[PDB]
Structures are given as structure tokens and as C-alpha cells.
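See below for the structure under consideration.
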Amino acid sequence: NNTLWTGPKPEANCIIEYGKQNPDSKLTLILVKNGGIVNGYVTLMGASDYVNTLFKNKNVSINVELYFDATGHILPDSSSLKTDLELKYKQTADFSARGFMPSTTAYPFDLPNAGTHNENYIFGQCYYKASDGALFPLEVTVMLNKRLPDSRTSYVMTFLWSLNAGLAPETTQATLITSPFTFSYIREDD
Amino acid sequence: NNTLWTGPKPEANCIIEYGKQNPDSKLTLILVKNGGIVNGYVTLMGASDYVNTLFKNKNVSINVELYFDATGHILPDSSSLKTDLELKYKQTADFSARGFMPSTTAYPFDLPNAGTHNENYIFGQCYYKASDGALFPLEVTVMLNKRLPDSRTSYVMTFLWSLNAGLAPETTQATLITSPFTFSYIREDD
Amino acid sequence: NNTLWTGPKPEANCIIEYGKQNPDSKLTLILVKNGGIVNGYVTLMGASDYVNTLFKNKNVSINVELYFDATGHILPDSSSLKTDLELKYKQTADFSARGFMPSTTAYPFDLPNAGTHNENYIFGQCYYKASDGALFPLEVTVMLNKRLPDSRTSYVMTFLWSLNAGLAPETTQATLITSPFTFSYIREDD
């Protein structure tokens, strides 16, 4: 069973809006083991009036933080994603997902008396297609481990999508859709 | 057997020129299953005087449409690709390739009384290296499902490569080569 | 055993500086078989004062050449990488790594009486994050096979990272880190 995911077309499961308590967006996240690497796939779909009016501004930053415990399960209290990932094929009760996690050898934490780790970032691009058909590039940053939010967390995966355009993509509400972004990282031992 | 492909160095198998009836280009397309995703690889090589003079213009659009039946086989009549894909390792007569297809749950069709689906696009870049060595970016769009061409088709995968440059890459015929483009998508159940 | 690599966090194993005889950089290279393709992952970390002051200039080119024998082992004499890759899981003495190599059918050599092969390049981008936080794009070229350095070599994989910026990213020494670059290619038979 080499796929850990949200499902292929999830209902609202993720919070983008600052201070909001209920899901307002649909995060599709898929992690597949392939030898010593995880191949990831991620897209975001908006599901509130707030998220679906972000692109009325020419500057947009969308942040999704995922925090995991020692067995690779989402900590929903602190994470943007409010439902744990699941194995495409069921396993025994609390089966470990540690082998899907980003390696703490390859991507360490910035602990107080260690030097800082800039090797923990993956950067790339995906896109937003506006109502009128025009395509806008979104700069993507994935941060692996590096910064613990609290003393309850073992692994970190964060996503930032950024738009700093000349003019707003939209002048009316429209479904926010990030085109799928693929990435690969060195995984923990099973 | 987890690879469905054209072979690694195919002879001319694809039609680019509008209205032409015989292959004028070599499409390399490779689809590998990896858990719940397909990892794809695609490149195009020109094989006619028409295709190999496209880049004498500063604006170029190259379209390849693939249409598949319910068991994941090419419909050659309507498709740009005129020979079905094959399994790297032979299977039994008309073995199904449905598990290589793009998911109709993740990437639905725009049917008459459904809203339209902009989540069905993957965008990226690959490149053309000109005769003089200069490198040109090609904008790539992959469309999955979304628009049926006719009532005989079950799955769709289309490719668009676009150049809108300041000056033409070429002033003489040269072999059109798109550098390889990789992409991943959520697949149908086997 | 489908992973051939440097290990996930190698010590200095690679030479960047022209004419230097000892390692001055840490190359992370990971090759995973996935059906008929290899999925690759590559990053470079500097480990000398020379490598870690390259980005004080606005124009930077970093070249890494890997040359392999008929069984897919590094030839260290000619290669930038001075230690052979290894299987994540041990095999029998001199187990062949030929199945990780780039296909000579898909990516041929430019031999004297053959036409030249521009289909042997993969191009893309990764990034350098400077001391002050500013992000710089690095143009990446991977060359597969194509040009033999000598008559002792069977396969070639070369990497070029290029920066031609408006202003230097750095004004003091800093650890050179290329953000991870992923690529896929058609592999040789096992």
C-alpha cells in the first residue's frame, strides 16, 4: 500500500482564512512511495466566499500547514488540514505512516544550538486560470521539517502559493483552483 | 506491468498538420502507474518538412489530441496518434488499459447540465533548442477529460505546446524536438 | 531494490572547482526505477570557501559530469563525483546497475558518421535562496549520453546549473545550496 492521501476529490477539509474554525477549501494531497523517495501531488480548490474572492486582489498568499506526529498522522488542532490522510487500501488499526514522512536526516529541524537549514525547501510553479481564460503563474514553496510549531510535532510539511501580479485575475467571485503541483522528497524509513 | 507507451524511440506515428492523413511526427508518450497516480513523460519529434519549418515563425501552437475507449485504447480515427499504446511487457489479447486512464472522479466531463471543470488542466514548461544553440521556452497545457469530441469516447488527454517569441527560433528547416515534459495525474481504478 | 544513490545526506563527494583534486561539494543524487523510466532527484551543497563564494558573482555556471561503465558504475577518474553510487539495499558483489542508466536507444551518442542528437537534453529550473531571503532561479540542463569524453565510457549524465542575474545574490560567503531538481528519463534494460 504505497499511497497516503486525502482521496481523489475531497469535500471541504482545509482552512485558509485566518481565524476561521470550519473548512473553507478542498486540499487534494497524494503521497506515493517510490523507492527512497515520496512522489507528491497537491492542489487546492476554494469552498467559501472568502477563499473564492482572494484573486480579486493582485497580491495573494495562500498558506497550508501540515503537522504530523511520530507515526505520520495529522495533528488537526494545529494543521490547516482537519482530517487525517488515509491509505488508499485499508490497513490494521493505527498502522504507521512514518515511511511517508520527510526524512529528518535529509531535512533536519532548526534546533536552538544547530545551524539553520535552508536545504529543506522545494520551490516551483503552478498556475491559476482566470474566468476570462488568462493564465497566471503561482510561485510554490514547500517546506519540509525545519521549524517546529510546538513541542507536540515530529514532522512538518508546509505549502505556500503566491501571486504578485500587475492586475487582479478576477473582478467577481470564482472558484479558486491551483493547477496540480508535483514534487519529490527523501522519505523516512518505514 | 506498469508501463503503457509508444516505445522509447518510435517512428512517425502522429499527425500535427491540419488536414493531413499520414503521420508527420514522432510522439513519445510513456505512462507508468505509481500507486494512485500515473507518472507521464512526453516528447514530440518532427518528421515532415511542414512540422520541421514551424519554428521559422515566432508564434507556434502544436496540438496533439488523444481519445480513448472504455478499456483505455486509442481511438485512431479522431486522435492525432494513429497507433495504439502498448504494454512494455505483453499481456493477454485485449487486456484492459483502463487503470492508466485519467480519473473521471478527479477530472470530470463538462456535460450539458453540470458546471464546467477547470480542475482538469496541468500546466508547465519545456523547451526547444534552436540550430544556433539558443533555448526557447514552450508553454505546455495538458487537458484531462473535460471535453468529449464525440459520443464514442470515454477518456481524453490533450497536449498543447505554445511558443509566442520575439523573433523566430529558426530561419531554415530543422528537426522539431520538444524537450521531455513530465506530469502526474490521478488514475482510474484498474 | 529500486534505488541507486549517494545516500540521503552525503559528506563531500564531488569536485566543482576547476583543477582541484579533493572534494569541495556534496552531491545528492537519487535514481529510482519506476517501470520503463528512472525518476531522478539532484541537489548540490557547497563545502569549500571557493564553492561557497561563487554566488558573490552575478554570473555563475556549475558543472557536474558523471561518466559510467558498461555495468552502470561511476568512472571516478573523469567524473566530478568521486565515490560510486550504491544501492539503498545491498546486493551481491559487483551487482550491475545497468538498468538505472539512460537508454542509448532513446538518447544515442553522437558518433562520427551519425547525425547529432539534440533529443538528449532535459531542461528545467531550480532555485537558490540567498542570505537575505531573496530567491534566485537557476537554469538546469541535464545531458544524457550524446558526448563521450573518452573511449572508456558507456553512459553519460551531466548537470549544469546557471545563474545570469542582474546583481549578485551574496556579498559574503554562504553555503551554496541548489533546491532539489527532479527529472525523469527512459532507462536501459536491466
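Chain labels follow the order of the C-alpha cells: the first chain is A, the next B, and so on; residue numbering restarts at 1 in every chain, and ligands are counted from 1 in their shown order.
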
Contacts of residue 80 in chain B at 6 Å or less, counting only C-alpha atoms, minus same-chain residues fewer than 6 places along, as a PyMOL selection string? chain B and resi 14-15+64-65

Any chance you could export the current selection's N, CA, C and O atoms as a short mmCIF file (atom, residue, chain, number, x, y, z; two decimals), in the first residue's frame?
```cif
data_model
loop_
_atom_site.label_atom_id
_atom_site.label_comp_id
_atom_site.auth_asym_id
_atom_site.auth_seq_id
_atom_site.Cartn_x
_atom_site.Cartn_y
_atom_site.Cartn_z
N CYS B 14 2.20 10.10 -35.55
CA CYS B 14 1.35 11.18 -35.05
C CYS B 14 1.16 12.19 -36.17
O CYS B 14 2.08 12.38 -36.99
N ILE B 15 -0.01 12.83 -36.27
CA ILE B 15 -0.28 13.87 -37.25
C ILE B 15 -0.47 15.23 -36.54
O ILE B 15 -1.38 15.38 -35.75
N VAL B 64 -1.84 18.05 -29.92
CA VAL B 64 -1.91 16.58 -30.03
C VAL B 64 -3.12 16.16 -29.20
O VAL B 64 -3.18 16.43 -28.00
N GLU B 65 -4.09 15.53 -29.82
CA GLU B 65 -5.26 15.04 -29.09
C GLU B 65 -5.32 13.56 -29.02
O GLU B 65 -5.25 12.90 -30.07
#
```

If you take only C-alpha atoms and a cut-off of 12 Å, which residues of chain C touch chain A, and what are their nearest atom pairs and distances in Å to one decimal, in chain and number order, as a tab-separated table?
```
residue	atom	partner	partner_atom	distance
C:1	CA	A:35	CA	7.6
C:2	CA	A:35	CA	5.7
C:3	CA	A:35	CA	5.5
C:4	CA	A:36	CA	9.1
C:5	CA	A:36	CA	9.1
C:6	CA	A:36	CA	11.5
C:7	CA	A:106	CA	9.3
C:8	CA	A:106	CA	5.6
C:9	CA	A:106	CA	5.4
C:10	CA	A:106	CA	9.2
C:11	CA	A:106	CA	11.9
C:26	CA	A:119	CA	12.0
C:28	CA	A:106	CA	9.7
C:29	CA	A:186	CA	10.8
C:30	CA	A:36	CA	8.1
C:31	CA	A:35	CA	9.0
C:32	CA	A:35	CA	6.1
C:33	CA	A:35	CA	7.8
C:34	CA	A:34	CA	7.3
C:35	CA	A:34	CA	10.8
C:37	CA	A:34	CA	11.9
C:38	CA	A:34	CA	10.5
C:39	CA	A:34	CA	8.8
C:40	CA	A:184	CA	9.2
C:41	CA	A:184	CA	7.6
C:42	CA	A:185	CA	10.3
C:43	CA	A:119	CA	8.9
C:44	CA	A:119	CA	9.6
C:45	CA	A:119	CA	8.4
C:46	CA	A:119	CA	11.4
C:87	CA	A:36	CA	10.3
C:88	CA	A:36	CA	7.6
C:89	CA	A:35	CA	10.1
C:124	CA	A:124	CA	10.2
C:125	CA	A:124	CA	8.0
C:126	CA	A:123	CA	6.9
C:127	CA	A:123	CA	6.8
C:128	CA	A:123	CA	9.4
C:129	CA	A:118	CA	7.6
C:130	CA	A:118	CA	9.4
C:131	CA	A:118	CA	9.6
C:132	CA	A:118	CA	11.9
C:133	CA	A:118	CA	10.0
C:135	CA	A:123	CA	9.4
C:136	CA	A:123	CA	10.5
C:137	CA	A:123	CA	9.5
C:138	CA	A:123	CA	11.2
C:174	CA	A:118	CA	10.9
C:175	CA	A:118	CA	9.0
C:176	CA	A:119	CA	9.7
C:177	CA	A:119	CA	6.5
C:178	CA	A:119	CA	7.9
C:179	CA	A:122	CA	5.9
C:180	CA	A:122	CA	6.2
C:181	CA	A:122	CA	8.4
C:182	CA	A:184	CA	7.1
C:183	CA	A:184	CA	9.9
C:184	CA	A:184	CA	11.6
```

List every residue of chain B that DSSP, applied to the backbone of this structure, assigns to strand (DSSP E or B), and report them as a ChimeraX atom specification. /B:3-5,14,25-34,37-46,59-68,74,81,86-87,102,109,121-129,135-144,146,155-164,177,181-187

Show which residues sit within 12 Å of residue 112 in chain C, as a PDB file with C-alpha atoms, in the first residue's frame. Count only C-alpha atoms, and ignore same-chain residues fewer than 2 positions away.
```pdb
ATOM      1  CA  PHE C 109      25.758   9.011 -28.792  1.00  0.00           C
ATOM      2  CA  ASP C 110      26.980  11.481 -31.443  1.00  0.00           C
ATOM      3  CA  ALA C 114      25.762   9.739 -37.334  1.00  0.00           C
ATOM      4  CA  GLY C 115      23.736  12.994 -37.193  1.00  0.00           C
ATOM      5  CA  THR C 116      23.872  14.894 -33.946  1.00  0.00           C
ATOM      6  CA  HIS C 117      21.298  14.223 -31.138  1.00  0.00           C
ATOM      7  CA  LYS C 146      25.345  12.293 -26.505  1.00  0.00           C
ATOM      8  CA  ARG C 147      29.051  13.114 -25.985  1.00  0.00           C
ATOM      9  CA  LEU C 148      31.598  10.556 -24.871  1.00  0.00           C
TER      10      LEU C 148
END
```

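Look at residue 49 in chain B: the protein and nucleic acid residues within 12 Å of it, using only C-alpha atoms and passing over chain neighbours fewer than 5 places away, are residues 16, 17, 24, 25, 54, 55, 56, 172, 173, 174, 175 and 176 of chain B.
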
Enumerate the residues of range 3-140 of chain C with a DSSP assignment of helix (DSSP H, G or I), computed from the backbone, and present them as a VMD selection string. chain C and resid 51 to 56 98 to 100 118 to 120

Take the residues just selected and output them with N, CA, C and O atoms as a CSV table (one decimal), in the first residue's frame.
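Output file part36.csv is given in full below:
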```csv
chain,number,residue,atom,x,y,z
C,51,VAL,N,33.6,27.3,-3.5
C,51,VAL,CA,32.3,27.0,-3.9
C,51,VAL,C,31.3,27.9,-3.2
C,51,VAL,O,30.3,28.4,-3.8
C,52,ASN,N,31.5,28.2,-2.0
C,52,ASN,CA,30.6,29.0,-1.1
C,52,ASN,C,30.8,30.5,-1.3
C,52,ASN,O,30.1,31.3,-0.7
C,53,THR,N,31.6,30.9,-2.3
C,53,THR,CA,31.7,32.3,-2.7
C,53,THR,C,31.4,32.5,-4.2
C,53,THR,O,31.4,33.7,-4.7
C,54,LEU,N,31.0,31.5,-4.9
C,54,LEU,CA,30.6,31.6,-6.3
C,54,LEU,C,29.4,32.6,-6.5
C,54,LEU,O,29.5,33.4,-7.4
C,55,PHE,N,28.5,32.6,-5.5
C,55,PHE,CA,27.3,33.4,-5.7
C,55,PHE,C,27.6,34.9,-5.3
C,55,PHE,O,26.7,35.7,-5.2
C,56,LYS,N,28.9,35.3,-5.0
C,56,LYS,CA,29.3,36.7,-4.9
C,56,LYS,C,29.3,37.3,-6.3
C,56,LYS,O,29.5,38.5,-6.5
C,98,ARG,N,23.1,-1.4,-14.6
C,98,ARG,CA,22.9,-1.0,-16.0
C,98,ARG,C,21.4,-0.5,-16.1
C,98,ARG,O,21.2,0.5,-16.9
C,99,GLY,N,20.5,-1.1,-15.4
C,99,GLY,CA,19.1,-0.8,-15.5
C,99,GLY,C,18.7,0.6,-15.0
C,99,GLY,O,17.6,1.1,-15.2
C,100,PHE,N,19.6,1.3,-14.3
C,100,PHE,CA,19.4,2.7,-13.9
C,100,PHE,C,20.0,3.7,-15.0
C,100,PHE,O,19.8,4.9,-14.8
C,118,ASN,N,20.0,16.2,-30.6
C,118,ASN,CA,19.5,17.2,-29.6
C,118,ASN,C,18.3,16.7,-28.7
C,118,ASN,O,18.0,17.4,-27.7
C,119,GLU,N,17.9,15.5,-28.9
C,119,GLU,CA,16.9,14.9,-28.1
C,119,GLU,C,17.4,14.4,-26.7
C,119,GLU,O,16.6,13.8,-26.0
C,120,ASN,N,18.6,14.7,-26.4
C,120,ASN,CA,19.2,14.1,-25.2
C,120,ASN,C,19.3,15.0,-24.1
C,120,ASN,O,20.0,14.8,-23.1
```

Interatomic distance, CA of residue 143 in chain B to CA of residue 96 in chain B (Å, one decimal): 22.2 Å

Point-to-point distance from CA of residue 76 in chain C to CA of residue 163 in chain C, Å rounded to tenths: 27.0 Å

For a test of reading the model, state the distance in Å between CA of residue 79 in chain A and CA of residue 153 in chain A, rounded to one decimal. 10.5 Å
